[PDB]
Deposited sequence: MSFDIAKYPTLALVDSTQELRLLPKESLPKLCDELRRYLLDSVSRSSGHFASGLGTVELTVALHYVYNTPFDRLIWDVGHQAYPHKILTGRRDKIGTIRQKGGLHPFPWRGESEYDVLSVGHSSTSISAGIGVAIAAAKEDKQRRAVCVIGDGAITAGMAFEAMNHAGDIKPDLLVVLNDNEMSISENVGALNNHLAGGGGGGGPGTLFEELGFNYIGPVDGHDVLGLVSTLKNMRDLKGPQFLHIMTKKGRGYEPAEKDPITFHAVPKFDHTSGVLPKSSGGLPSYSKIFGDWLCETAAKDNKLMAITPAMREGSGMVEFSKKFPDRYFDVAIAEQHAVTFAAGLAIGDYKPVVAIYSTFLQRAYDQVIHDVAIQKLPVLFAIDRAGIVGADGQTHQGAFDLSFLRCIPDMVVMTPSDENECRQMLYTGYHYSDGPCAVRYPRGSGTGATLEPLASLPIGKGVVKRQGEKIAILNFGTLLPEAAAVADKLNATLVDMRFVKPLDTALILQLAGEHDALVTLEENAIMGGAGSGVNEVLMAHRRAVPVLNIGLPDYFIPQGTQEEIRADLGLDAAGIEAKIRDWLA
């Protein structure tokens, strides 16, 4: 049922062993067909478009020259790995990618022996590649090791750490730099600007080759076959064009980075946040805003245009983003770090050591909190309420709608005693009225409904579901607003007035907001059970945000069901 007529050469390729059976003279035609196949298949599945178009020729060359899967190939991030999957046994399922029950959005160890490392977060390729290259030397067979890392990903500190270590330990590893002059938006940094274009990499201890034409499959084959045989850390710099082969994408690589389903022939919280940045900077000279390479995702495009000298993209450097903000605060400016919950994991030590321990007032605006949807396990905003909660002198807010979100950003922005964090999900609010801004009382929740027997303590954007449940069970419903500090007096009062409590968060149950409530009740030697509703103790799989929420029982029907089963 695969169009052999349209794809006569690709048809003969369903495994890399078949691929290596072709004569090199046919690899160009196969590249044209892979690209054609990708173009309409991703057109209908939605997802990462221009990235894969940019690696077609590279992927063909790599699997033609390397004896995969014995030889180990690691793709960084994996946003560019659709051709990789198509050539490695998943040709006829590429259309299901990013869908519930379909191919993982990125390479996944459990999906194929061809996926050496599960990826999603960036810049892990070189680090893992070194480990597998050292192992391969010890194994003393002739196993080869190669990774592909983007010009954006290579700005991360861990890529520098790995490159420096390779130059010392000298592993037999090939690093392919897929240089397309792009991150998601345009790439930044002193490296991005950097006679020898490989002078830096040679200083780090690598044998540098290039730059070379990343869309020249036969040249890549000849050059890769050579470098595969070379000893020690090797570094091949290729140039690709993002969206190569599709002019709209070649002209707008940002827009076509992640596409909806298209024919190739309400305010979001991100936008609520960026709008609040513009409106604050407009009347306050102290506001400064920081992103680690996520301008478009965090909603900062308009802000960057209107206030260019207040906007800072530090490249893919979550760590520096935070300690840079601490520096601005030390110099009496008011910095805002915009950062996804999942990527905030990488700057945890800077939060603790360079902000909380310092009592510096940095505002953290944590986007993609909770279930993120089709990006799946590697990207989930699943743990910030838990890992932030345990750090002393941190304020942690969970807005329930777009107005609460603005009131909390404003609150944290003007809170000068120490760090504040405001976390919100990907997607749109309720249409709530945007009221005038004033600081909310710290650590105080808001009663929304008075019932009996059961009280629901909601933390975050799942409030509408709790409200529908509250009405059906005649429950009391409170919007806690603060994960830290908790409204202790409120918790104690409703415990004395109900037989059972329920907590609701879009965050891991273990150590989360509801666990903090448990701790308060225990600390006061109470004897009221609490049903902690939140994320289960496994990494959340891919799907529609609404799909996965229903699947985990985080909708009104699932919450009511959970409560009833728990009450015997």
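*Asks:* How would you write out the unmodelled ranges of the deposited sequence, numbered from 1?
*Replies:* Those parts of the chain that were deposited but carry no coordinates are 1, 196-202, 274-283.
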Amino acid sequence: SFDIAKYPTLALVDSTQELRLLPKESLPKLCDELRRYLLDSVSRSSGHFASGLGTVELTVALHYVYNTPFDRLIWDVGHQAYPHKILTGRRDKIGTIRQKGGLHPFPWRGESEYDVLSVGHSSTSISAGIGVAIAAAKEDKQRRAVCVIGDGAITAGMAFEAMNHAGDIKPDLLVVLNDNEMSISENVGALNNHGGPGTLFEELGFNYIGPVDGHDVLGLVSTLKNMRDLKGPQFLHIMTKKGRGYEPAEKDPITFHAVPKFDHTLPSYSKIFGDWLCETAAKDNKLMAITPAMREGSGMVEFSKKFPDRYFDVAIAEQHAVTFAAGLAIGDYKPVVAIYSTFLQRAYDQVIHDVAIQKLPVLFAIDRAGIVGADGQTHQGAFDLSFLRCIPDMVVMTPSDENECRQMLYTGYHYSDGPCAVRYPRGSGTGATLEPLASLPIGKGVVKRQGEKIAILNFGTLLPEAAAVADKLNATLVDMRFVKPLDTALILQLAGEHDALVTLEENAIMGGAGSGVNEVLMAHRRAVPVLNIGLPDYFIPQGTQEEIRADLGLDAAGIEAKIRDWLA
From here on, numbers count along this sequence of modelled residues.
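*Asks:* Would you tell me which stretch averages the higher CA B-factor in the PDB entry, 283-291 or 87-95?
*Replies:* Stretch with the greater average CA B-factor: 87-95.
*Asks:* Report the stretch with the higher mean CA temperature factor, choosing between 182-190 and 72-80 on the basis of the entry.
*Replies:* Stretch with the greater average CA B-factor: 182-190.
*Asks:* Out of 414, 453, 359, 444, whose C-alpha atom has the biggest B factor in the entry?
*Replies:* In the PDB entry, the greatest C-alpha B-factor among 414, 453, 359, 444 is found at 453.
*Asks:* For the CA B factor values reported in this entry, which option in 319, 433, 342, 118 has the top one?
*Replies:* Highest C-alpha B-factor among the listed residues goes to 433.
*Asks:* Give the position of residue 541 by CA B-factor within its chain, expressed as the lowest, middle or highest third.
*Replies:* Within its chain, residue 541 is a middle-third residue by C-alpha B-factor, going by the deposited values.
*Asks:* Name the third of the chain's ranked CA B-factors that contains residue 508, choosing lowest, middle or highest.
*Replies:* For residue 508, whose C-alpha B-factor we compare with every modelled residue in the chain, the answer is the lowest third.
*Asks:* Thinking about Cα B factors across the chain, which third does residue 259 belong to?
*Replies:* Its C-alpha B-factor belongs to the highest third of this chain's values.
*Asks:* What third of the chain does residue 100 rank in for C-alpha temperature factor, lowest, middle or highest?
*Replies:* Top third by C-alpha B-factor.
*Asks:* Going by what the PDB entry lists, where does residue 125 fall on CA B-factor within its chain: lowest, middle or highest third?
*Replies:* Within its chain, residue 125 is a lowest-third residue by C-alpha B-factor, going by the deposited values.
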